[PDB]
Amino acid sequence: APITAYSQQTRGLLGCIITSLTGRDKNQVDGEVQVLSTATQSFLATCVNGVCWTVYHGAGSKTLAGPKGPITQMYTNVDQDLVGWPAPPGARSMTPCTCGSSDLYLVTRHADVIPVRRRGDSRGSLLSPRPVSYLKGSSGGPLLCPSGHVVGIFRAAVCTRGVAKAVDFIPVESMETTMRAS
């Protein structure tokens, strides 16, 4: 395959609770995609041009625990379901796609890379439907073009009877539009 991924855990349940409370995370950061957790749920952030982007429905208005204490969001767009923190030192920052490809790859929290065909500005179909359970906890994950650049971040699954056949996503252009208006 072209694009491949693996994950590495860094913190367990106890570490997560404490870190949530102190807002201070001293762990080394690495990787293009951060696996995030609050008290109640898990999701992903994709690092694009120095900013960690994720979904508002996961992060709300919360700070991100960091090496110098809590990191305030620098972009918050409720209607777009989009938030961003400045990326901590160590994060591998990706580049937006400029090739316009409609052949996408979605990266899940399990580090699977799955084929998506773009069907609209914010919608792609899954070439092979999956149980929605497989996609839970993956909101905020990148949709990449064949060159591995960011087209968008995964927002919600379009499902029938617990089966996801398509995904709604936030185009990498919305990130731009949010940063302008700010």
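All residue numbers are counted from 1 along the displayed sequence.
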Quiz item: Averaging C-alpha B-factors over each stretch, which comes out higher, 135-143 or 116-124?
Solution: 116-124
Quiz item: 160-168 versus 10-18: which one carries the higher mean Cα B factor per the record?
Solution: 10-18
Practice problem: Quick one: which of 34, 54, 61, 40 shows the highest Cα temperature factor in the PDB entry? | Solution: 40
Exercise. Give the position of residue 66 by CA B-factor within its chain, expressed as the lowest, middle or highest third.
Key: middle
Quiz prompt | Third of the chain's Cα B-factor distribution that residue 149 belongs to, per the entry | solution = middle
Exercise. Rank-wise, by C-alpha B-factor, drop residue 96 into the lowest, middle or highest third of its chain.
Key: middle
Quiz prompt | Third of the chain's Cα B-factor distribution that residue 83 belongs to, per the entry | solution = middle
Quiz item: So where's residue 72 on the chain's Cα temperature factor ranking, which third?
Solution: lowest
